[PDB]
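K.L.:
Got a structure here, written out as structure tokens. Questions coming.
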Amino acid sequence: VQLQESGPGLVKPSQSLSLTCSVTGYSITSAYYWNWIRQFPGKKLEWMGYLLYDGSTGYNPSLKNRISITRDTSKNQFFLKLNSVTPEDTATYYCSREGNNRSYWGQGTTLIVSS
Amino acid sequence: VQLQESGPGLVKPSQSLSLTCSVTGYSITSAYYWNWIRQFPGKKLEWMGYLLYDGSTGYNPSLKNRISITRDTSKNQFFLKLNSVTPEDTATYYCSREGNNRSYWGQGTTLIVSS
Amino acid sequence: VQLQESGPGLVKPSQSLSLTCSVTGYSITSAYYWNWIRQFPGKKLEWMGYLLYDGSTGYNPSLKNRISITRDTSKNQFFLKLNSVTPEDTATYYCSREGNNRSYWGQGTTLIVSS
Amino acid sequence: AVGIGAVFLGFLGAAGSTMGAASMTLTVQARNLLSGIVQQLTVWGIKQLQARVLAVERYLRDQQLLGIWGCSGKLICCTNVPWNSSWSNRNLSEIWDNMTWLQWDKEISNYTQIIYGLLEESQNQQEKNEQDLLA
Amino acid sequence: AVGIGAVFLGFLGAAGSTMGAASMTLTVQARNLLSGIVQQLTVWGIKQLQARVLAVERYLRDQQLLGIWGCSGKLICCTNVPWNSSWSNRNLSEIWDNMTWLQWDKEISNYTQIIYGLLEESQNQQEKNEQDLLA
Amino acid sequence: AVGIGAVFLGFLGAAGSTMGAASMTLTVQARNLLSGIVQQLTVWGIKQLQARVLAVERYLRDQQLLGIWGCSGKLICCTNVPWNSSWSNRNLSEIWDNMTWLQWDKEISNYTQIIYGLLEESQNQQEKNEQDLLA
Amino acid sequence: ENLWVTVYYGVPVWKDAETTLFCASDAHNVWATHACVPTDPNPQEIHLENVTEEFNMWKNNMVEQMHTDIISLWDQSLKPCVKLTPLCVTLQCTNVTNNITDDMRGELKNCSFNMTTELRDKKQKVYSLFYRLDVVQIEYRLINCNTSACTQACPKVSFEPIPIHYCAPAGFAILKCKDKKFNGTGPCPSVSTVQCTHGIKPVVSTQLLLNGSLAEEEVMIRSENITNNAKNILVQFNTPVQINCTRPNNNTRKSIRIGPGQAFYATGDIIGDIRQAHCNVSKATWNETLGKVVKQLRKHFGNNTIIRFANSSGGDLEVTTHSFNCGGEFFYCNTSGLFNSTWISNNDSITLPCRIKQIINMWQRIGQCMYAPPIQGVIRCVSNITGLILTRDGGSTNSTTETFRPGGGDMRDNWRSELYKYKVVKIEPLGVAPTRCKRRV
Amino acid sequence: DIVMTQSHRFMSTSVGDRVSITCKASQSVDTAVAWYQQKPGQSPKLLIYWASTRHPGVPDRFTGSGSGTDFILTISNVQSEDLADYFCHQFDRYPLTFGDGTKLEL
Ligand SMILES: *[C@@H]1O[C@H](CO)[C@@H](O[C@@H]2O[C@H](CO)[C@@H](O[C@@H]3O[C@H](CO[C@H]4O[C@H](CO)[C@@H](O)[C@H](O)[C@@H]4O)[C@@H](O)[C@H](O[C@H]4O[C@H](CO)[C@@H](O)[C@H](O)[C@@H]4O)[C@@H]3O)[C@H](O)[C@H]2NC(C)=O)[C@H](O)[C@H]1NC(C)=O
Ligand SMILES: *[C@@H]1O[C@H](CO)[C@@H](O[C@@H]2O[C@H](CO)[C@@H](O[C@@H]3O[C@H](CO[C@H]4O[C@H](CO)[C@@H](O)[C@H](O[C@H]5O[C@H](CO)[C@@H](O)[C@H](O)[C@@H]5O)[C@@H]4O)[C@@H](O)[C@H](O)[C@@H]3O)[C@H](O)[C@H]2NC(C)=O)[C@H](O)[C@H]1NC(C)=O
Ligand SMILES: *[C@@H]1O[C@H](CO)[C@@H](O[C@@H]2O[C@H](CO)[C@@H](O[C@@H]3O[C@H](CO)[C@@H](O)[C@H](O[C@H]4O[C@H](CO)[C@@H](O)[C@H](O)[C@@H]4O)[C@@H]3O)[C@H](O)[C@H]2NC(C)=O)[C@H](O)[C@H]1NC(C)=O
Ligand SMILES: *[C@@H]1O[C@H](CO)[C@@H](O[C@@H]2O[C@H](CO)[C@@H](O[C@@H]3O[C@H](CO)[C@@H](O)[C@H](O)[C@@H]3O)[C@H](O)[C@H]2NC(C)=O)[C@H](O)[C@H]1NC(C)=O
Ligand SMILES: *[C@@H]1O[C@H](CO)[C@@H](O[C@@H]2O[C@H](CO)[C@@H](O)[C@H](O)[C@H]2NC(C)=O)[C@H](O)[C@H]1NC(C)=O
Ligand SMILES: *[C@@H]1O[C@H](CO)[C@@H](O[C@@H]2O[C@H](CO)[C@@H](O)[C@H](O)[C@H]2NC(C)=O)[C@H](O)[C@H]1NC(C)=O
Ligand SMILES: *[C@@H]1O[C@H](CO)[C@@H](O[C@@H]2O[C@H](CO)[C@@H](O)[C@H](O)[C@H]2NC(C)=O)[C@H](O)[C@H]1NC(C)=O
Ligand SMILES: *[C@@H]1O[C@H](CO)[C@@H](O[C@@H]2O[C@H](CO)[C@@H](O)[C@H](O)[C@H]2NC(C)=O)[C@H](O)[C@H]1NC(C)=O
Ligand SMILES: *[C@@H]1O[C@H](CO)[C@@H](O[C@@H]2O[C@H](CO)[C@@H](O)[C@H](O)[C@H]2NC(C)=O)[C@H](O)[C@H]1NC(C)=O
Ligand SMILES: *[C@@H]1O[C@H](CO)[C@@H](O)[C@H](O)[C@H]1NC(C)=O
Ligand SMILES: *[C@@H]1O[C@H](CO)[C@@H](O)[C@H](O)[C@H]1NC(C)=O
Ligand SMILES: *[C@@H]1O[C@H](CO)[C@@H](O)[C@H](O)[C@H]1NC(C)=O
Ligand SMILES: *[C@@H]1O[C@H](CO)[C@@H](O)[C@H](O)[C@H]1NC(C)=O
Ligand SMILES: *[C@@H]1O[C@H](CO)[C@@H](O)[C@H](O)[C@H]1NC(C)=O
Ligand SMILES: *[C@@H]1O[C@H](CO)[C@@H](O)[C@H](O)[C@H]1NC(C)=O
Ligand SMILES: *[C@@H]1O[C@H](CO)[C@@H](O)[C@H](O)[C@H]1NC(C)=O
Ligand SMILES: *[C@@H]1O[C@H](CO)[C@@H](O)[C@H](O)[C@H]1NC(C)=O
Ligand SMILES: *[C@@H]1O[C@H](CO)[C@@H](O)[C@H](O)[C@H]1NC(C)=O
Ligand SMILES: *[C@@H]1O[C@H](CO)[C@@H](O)[C@H](O)[C@H]1NC(C)=O
Ligand SMILES: *[C@@H]1O[C@H](CO)[C@@H](O)[C@H](O)[C@H]1NC(C)=O
Ligand SMILES: *[C@@H]1O[C@H](CO)[C@@H](O)[C@H](O)[C@H]1NC(C)=O
Ligand SMILES: *[C@@H]1O[C@H](CO)[C@@H](O)[C@H](O)[C@H]1NC(C)=O
Ligand SMILES: *[C@@H]1O[C@H](CO)[C@@H](O)[C@H](O)[C@H]1NC(C)=O
Ligand SMILES: *[C@@H]1O[C@H](CO)[C@@H](O)[C@H](O)[C@H]1NC(C)=O
């Protein structure tokens, strides 16, 4: 499988952050967990939420209702939207694939939340 | 749909009247009502009977048992037989198809009942 | 079906009698019951046993262990072996087709048990 | 019941049999509707493929109307639709044992489409009646 | 109600009718999933065979999936899978007798997979529950 | 048991497990018996069509053989026919928790023709008894 | 009390059976030609535990299916374009004397003929350069004028190998295993299942395997019954040997029309110096990989025996010389310079001269030709040697001084190095089982 | 909310010394604990599953042990390729939780 993140690298504060993960080499309608994970400055990881092949949604409670995660199964892509952003949400955003003691990550993209 | 009547134009009294309706453009084994209707001298119409799509029958009681209506599904034709004819049954005979707010009539044929 | 018996027409007492029934026109492995029946002097018939398409064997208990009946399915033949013969076993041996209210017999062969 | 009276019916062996005797024989006439080509260029790339898919479509056509009537998977299905006496004025004793099924099909060949369509009209009503009593 | 007022409903005639009125129109839809080419070289030879197999295995795909849910041989069945308030925040009176089936599938097109997966898991749940009480 | 430890066994994953562990995974195995070539010249012109109709006929032969026995539409169906113990003189404790279906087939492969033929004679007997009792 | 029999449907039970396969390729050509269905590249490799399945090569019909498959693919891409019927004309050939070397004296023939033009009532004189392996005396003629007419190879297409995946319809499965010490035929303890395979290169060779899959840990001497000398011995490398094959000739291609809308490309006049086509392998890694092979050849034989390497037995040019498909023009390479070794108990390159043939005879049927058109420029190839094919000789006395020789000629052994893991099985879902039920009347 | 607490953040070590990393769980839940290795500029890679077993390709010098609320990962005979960040986790119930992470220095 290959994962590639895409989207705008600059987002104005209080506006919405949208990123696309383009997946190739595997079908998002079959199995395992499809996650978004970000790495802050200072090398700390925080899990935001996941998806399942059947469309179920789960999120880290610390992020409250700030996150909706959605997908397009025709294009084999899934999407992150993050409302009400702050400069402490600046981080490198990864879309990663987990299960059956397998772990594959995209290369990641950099985003800076500033005006 | 096109309907075309055929048969003998002269029938001797007390003998049997047979007519053929040749149907083209539509299948008699699918839908709607397939009728025989006649027009007397003096422009009066009398309904003789009908057919269901499944080959069920029904007749005007005024004609008693004088009418059997039958069909050939291989040739996509249906048939009229009229027993015990009288000269007051002389009229122009139409085969018509009615239903779903769509009424279509054949061109008709002329028959004279005389000795 | 046609049945034809074959084998030696003279057998010495206490030795073994072997006959072949050759079957043509039908396969004995998807089939009816195939019997051996003999006719004694004085025209009395005694049934010895049968075979089935599945290889199961059945014999008249009166004959004890004196008879083994066997077959060759490649040649479409079945076989009679009769141990410990006596001159009272002299008879005309038939191999027979019976079933479905149909009954077919071979022409038979003659065998004499004498020294 | 043995010897000449044994059972070696095979395929279509109860064709000329009475309807009571042929009612036991519906099992053996079902398996020979898909097999026969179980083991294996213009000629016979079409002559074999066109007849193999035709046997599939004729089998699924027979099963599907057996599913619309509501009793698929049953060899002998007897539903709850009354029948008109004008199709056949014969009682139970004059049908099941005196005549062969082959000439019976020609007698009801004209009235096939009436009785084939009335079955599913009383089955959708049956499934609607099942929904009301269940809730 | 009869004659020219009789309704034969055609094929696909319940597309604009409401969901409640289309609950009795289920029969005429299913009968057109197999037939059509019942009456009969590279061009137009493989084009029928490619289309004939495709029209069959898609029907078997929707029929096998019915049998996994336990709905084999039935047109209107209903299981014990609880559909929840997040999927559609409307009552039964706001769904059946005021809108049609065509745009109802568009709101559920995202939730088609989550519906389909729970039905096949719930049937296998009650198969083992049948084994415990029977023994 | 979550995250990387969740169960995502998929197709043919329970082929090395025990009897009771493989009995819960019958849904996922039968899912891959029809699909796979759902997305689409002489070469692979006859090979493609012969690929599918060979696969369709085996699936239909399994369902029709299941439908003869009266277990159509069910994944775990069980009948009431006795079986002679000479095929396997083993209790349920020594079979249903410690061995795999792969080595189980070779021990009863001698008797598959016998045990299949005892099922249509069994199933037709309730239908005969249903016809006598309910009439 | 007594257990009664049930029916279980869909349970995994396997059965060794053979069915037809199906191509699958990733994103014209000579193998794909945009005809194979582009599969999703998701190999569902579910590892199976406590499963021992007996694999069997030399009876696997996948390599018989694959050999039959690309024979029809080779003839499919040669039909819709032009053949070479009118090249059977008497020639006037002379030795090329334009900047030639002492070794290639007589290799190139300067031939002129009276081949027809686009008009049927006129003729033209066209000169071309032909190799000495394509012309024989009658002054000369093509080597296959007593054989059937030949195609043109139609240079819009290419012969570059493209990965191809073989897998079965629904109701079947493919089983593979990843044992490091896997022999030819035996029970393998790491059987997994997959939808279908990884990339398989259809590249063609007769003596040395090129661009194949490397071994897992060690070199495996993988073959059947070894006391027999009539069967080949297949060797798979773990560390590949890089081979460079080139030709520095400045070939010029002339386009000559044979008729209406039918072009033909032939070798024009040469520019520069005439030199051979040489293949280079390093003497360090070849001696390193020869010792690593005979270390594994001693497991099936004695420890004090003498293993010797010799060249091919000679005869036909297809089997004896090294044949491959790099650069678009075929190389038939002398290969006596790699087997100068005697192995007993206890400078960075090797030059190989090669012959270039234009009339190409492919698989052992005689009625088919192959005419590779000339290509502009210089052919440069970088390939890997990832295998060997060895044929033993008989007449061994007292099991001493036993030697190994190359050979074979059967092209099915090229794909046994790639299909040594996969087998096809048939899923039998129907089955019975006894437990405690009673059918509810 | 199972909280995974790691002992300390940065510890200096020398090549050839045994080093042991520790992680303290808020509850004693199970033995289903995993370690991940993350080198700079790379994604994390799974190392140990079910606390005591090694993954394919993982070198023999990596061992782990512990139960209850205490789990010890031990590196022995440290080479240059072991420079990385290591994280303890639990995989029993959602929400997923990460350690703060430990960075090795040589
Ligand atoms: C390939 O074959 C091997 C060995 O045959 C299988 O591995 C285990 O095999 C045993 C033998 O039947 C299974 O039985 C289980 O025994 C448990 C207790 O025994 C010990 O188990 C482990 C060591 O394996 C120790 O850690 C433990 O402390 C015990 O000392 C029982 O507890 C099991 O019952 C239930 O346990 C829990 C309770 O919730 C459940 O999670 C279980 O699923 C089970 O219902 C059971 O009787 C054991 O299951 C096998 N292990 C596993 C992980 O499945 C391989 O499984 C087999 N390969 C495949 C693919 O099946
Ligand atoms: C075993 O595998 C190896 C590698 O998989 C094979 O080596 C390749 O062989 C093919 C043909 O057999 C070569 O393709 C030729 O390349 C010639 C030179 O290419 C240069 O010029 C190109 C056009 O200007 C230019 O695009 C190219 O750049 C890149 O293009 C390639 C795609 O076309 C790309 O894959 C390369 O990475 C390359 O960097 C070069 O600058 C060209 O003139 C020919 O027309 C033809 O296309 C490959 O170049 C070979 N690969 C390498 C790395 O050299 C080998 O042949 C296989 N063995 C056998 C027996 O077939
Ligand atoms: C012929 O033999 C040679 C060796 O003699 C063999 O060499 C290969 O060379 C290529 C190109 O240099 C290597 O390709 C890449 O190498 C980098 C390391 O520099 C790898 O990291 C790459 O692997 C992945 O990299 C990314 C990270 O996952 C991925 O995005 C990417 O898609 C790759 O999956 C990449 O392979 C190649 O590694 C070597 N091979 C070896 C074994 O080292 C060459 O393969 C041989 N040719 C054939 C046809 O067999
Ligand atoms: C063609 O017609 C004849 C009739 O002339 C059929 O003969 C019938 O054969 C069956 C064989 O099963 C007889 O049935 C049996 O009846 C007895 C009672 O008499 C019963 O005990 C048995 O169990 C069995 O059911 C039937 O009686 C007999 N008909 C008559 C009038 O005696 C013949 O079989 C027909 N051919 C076929 C069906 O192929
Ligand atoms: C198309 O929509 C109209 C809506 O106006 C439907 O008309 C209704 O028909 C039902 C019975 O068929 C009546 O009881 C209502 O009074 C009608 N009017 C309404 C709801 O305003 C019409 O039936 C629809 N067409 C079809 C084929 O269902
Ligand atoms: C084979 O040919 C290549 C073509 O240049 C030689 O050069 C090597 O090229 C590769 C990339 O294609 C580089 O990675 C190597 O570093 C190059 N080698 C050197 C020494 O610069 C290569 O040396 C040739 N090999 C042999 C054995 O002849
Ligand atoms: C293959 O090897 C031969 C010999 O090792 C190379 O021939 C050399 O070519 C250069 C010119 O590039 C000359 O200066 C040398 O004198 C030649 N060597 C000898 C021994 O005469 C040849 O270039 C190599 N080819 C490739 C593609 O690497
Ligand atoms: C393989 O090696 C042998 C030598 O062992 C070669 O045989 C030589 O052939 C030439 C003519 O073809 C003779 O002049 C020599 O006398 C032969 N050698 C001996 C020792 O008799 C053989 O040609 C080689 N084959 C190839 C294809 O290179
Ligand atoms: C392949 O090359 C080898 C050597 O490069 C050739 O062997 C030579 O054959 C001649 C013929 O008489 C002998 O005089 C030499 O002594 C041989 N040299 C060696 C090293 O053995 C061989 O003939 C070539 N094969 C072909 C088919 O051309
Ligand atoms: C369904 O999904 C599409 C695309 O993923 C999205 O645009 C749409 O808003 C979704 N519908 C609902 C009701 O969430
Ligand atoms: C059935 O139809 C045929 C031809 O349509 C006719 O000859 C026959 O008399 C009809 N049978 C009855 C009982 O009406
Ligand atoms: C969705 O349905 C499940 C059961 O099917 C239920 O547990 C869950 O609470 C429902 N979702 C919401 C938001 O209520
Ligand atoms: C015992 O097994 C045999 C198989 O040879 C079978 O014919 C017989 O019916 C069995 N007996 C019982 C009581 O099931
Ligand atoms: C059934 O037959 C097969 C093949 O003839 C044989 O291998 C097997 O042992 C037989 N079964 C028994 C129980 O003997
Ligand atoms: C041409 O080459 C051949 C090949 O060996 C040779 O026999 C012949 O003598 C040569 N002719 C001339 C004129 O050089
Ligand atoms: C081949 O012959 C032609 C005939 O004129 C000549 O022009 C050409 O130079 C010759 N080629 C060589 C290499 O001598
Ligand atoms: C080609 O044709 C010309 C016609 O004048 C003739 O002189 C010449 O000899 C011919 N050459 C060959 C090789 O046939
Ligand atoms: C064609 O001629 C060549 C030249 O001698 C010869 O080697 C070959 O055997 C011949 N082929 C046939 C089929 O006559
Ligand atoms: C593997 O090699 C052959 C191939 O079947 C087999 O006979 C042998 O027993 C196996 N083991 C060894 C050590 O050769
Ligand atoms: C082949 O293997 C058999 C053992 O199956 C062995 O006896 C024989 O010597 C081997 N070689 C030949 C040439 O048959
Ligand atoms: C070979 O000569 C031709 C003729 O001009 C030229 O186009 C080509 O570039 C040359 N090739 C090399 C490698 O120099
Ligand atoms: C090749 O390896 C052998 C093995 O020891 C050695 O004797 C020989 O000298 C080596 N040849 C070269 C050229 O290094
Ligand atoms: C040959 O030597 C190896 C060690 O290099 C040894 O394991 C093997 O047993 C020896 N062979 C014999 C037949 O003794
Ligand atoms: C291989 O090379 C060696 C090294 O001199 C030589 O003695 C031997 O004759 C050569 N063999 C062949 C077949 O060329």
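Line order of the protein sequences matches chains F, A, H, K, E, B, G and I.
Residues 2 to 35, 35A, 36 to 82, 82A to 82C, 83 to 99, 101 to 113 in the entry's author numbering are what the first sequence lists, from first letter to last.
Residues 2 to 35, 35A, 36 to 82, 82A to 82C, 83 to 99, 101 to 113 in the entry's author numbering are what the second sequence lists, from first letter to last.
Residues 2 to 35, 35A, 36 to 82, 82A to 82C, 83 to 99, 101 to 113 in the entry's author numbering are what the third sequence lists, from first letter to last.
Residues 512 to 551, 568 to 662 in the entry's author numbering are what the fourth sequence lists, from first letter to last.
Residues 512 to 551, 568 to 662 in the entry's author numbering are what the fifth sequence lists, from first letter to last.
Residues 512 to 551, 568 to 662 in the entry's author numbering are what the sixth sequence lists, from first letter to last.
Residues 32 to 58, 66 to 141, 150 to 184, 190 to 309, 312 to 321, 321A, 322 to 398, 411 to 505 in the entry's author numbering are what the seventh sequence lists, from first letter to last.
The entry's author numbering numbers the first residue of the eighth sequence as 1 and each following residue consecutively.
Ideal Cβ placement from N, Cα and C applies to all residues, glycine included.
1. Using DSSP's beta-bridge definition, name the partner residues of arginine 308/G.
2. Pull out every residue of the region 637-655 of chain E whose Cβ sits closer than 7 Å to any Cβ of chain B, in chain order.
3. Kindly identify the DSSP beta-bridge partner or partners of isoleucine 414/G.
4. Should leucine 544/E and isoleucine 603/E be called a contact, given that it needs their Cβ atoms to be closer than 8 Å?
5. Put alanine 582/B into one of helix, strand or coil per three-state DSSP.
6. Indicate, with yes or no, if ligand 7 has a heavy atom lying under 7 Å from the CB of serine 413/G.
7. With a cut-off of 8 Å on the beta carbons, I'd call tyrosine 34/A and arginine 94/A a contact; round off their distance for me.
8. Beta-carbon of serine 612/E versus every beta-carbon of chain K: anything under 8 Å?
9. With a cut-off of 8 Å, does the C-beta of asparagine 88/G fall near any C-beta of chain F?
10. Helix, strand or coil for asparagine 478/G? Go by DSSP, reduced to three states.
11. Go through the region 428-505 of chain G residue by residue and report every complete run of the beta strand (DSSP E) that reaches 3 residues or more, in order.
12. Who are the near neighbours of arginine 579/E in its chain, counting only those whose CB is closer than 7 Å to its CB and skipping five residues on each side?
13. Would a check of beta-carbon distances place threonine 30/F closer than 8 Å to chain E?
P.N.:
Straight from the coordinates:
1. Taking the seventh sequence and counting its residues from 1, the one referred to as residue 308/G is at position 257. DSSP lists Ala316/G as partners of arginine 308/G.
2. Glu647, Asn651, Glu654
3. Reading the seventh sequence from its first residue, position 350 is the one you call residue 414/G. The partner list for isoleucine 414/G (beta bridge, DSSP) reads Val333/G.
4. Counted from its first residue, the fifth sequence places residue 544/E at position 33. Counted from its first residue, the fifth sequence places residue 603/E at position 76. Contact: no.
5. Taking the sixth sequence and counting its residues from 1, one reaches residue 582/B at position 55. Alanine 582/B falls in the helix class under three-state DSSP.
6. Taking the first residue of the seventh sequence as position 1, residue 413/G is located at position 349. Yes, ligand 7 has a heavy atom inside 7 Å of this Cβ.
7. What you label residue 34/A is simply residue 33 of the second sequence in a count that begins at 1. What you label residue 94/A is simply residue 97 of the second sequence in a count that begins at 1. Their Cβ separation, rounded to whole angstroms, is 7 Å, which keeps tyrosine 34/A and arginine 94/A in contact under 8 Å.
8. Your numbering for residue 612/E matches position 85 in the fifth sequence. No, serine 612/E lies away from the interface with chain K (no Cβ there is under 8 Å from its Cβ).
9. On the seventh sequence, residue 88/G is found 50 positions in, with the first residue counted as 1. By this cut-off, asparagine 88/G is not an interface position.
10. Within the seventh sequence, numbered from 1, the residue matching residue 478/G stands at position 414. Of the three classes helix, strand and coil, the one that applies to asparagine 478/G here is helix, per DSSP.
11. 441-456, 466-470, 487-491, 494-499
12. Looking up residue 579/E in the fifth sequence gives position 52. Cβ within range, chain order: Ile548.
13. For this step, residue 30/F is matched to residue 29 along the first sequence. It does; some Cβ of chain E falls within 8 Å.
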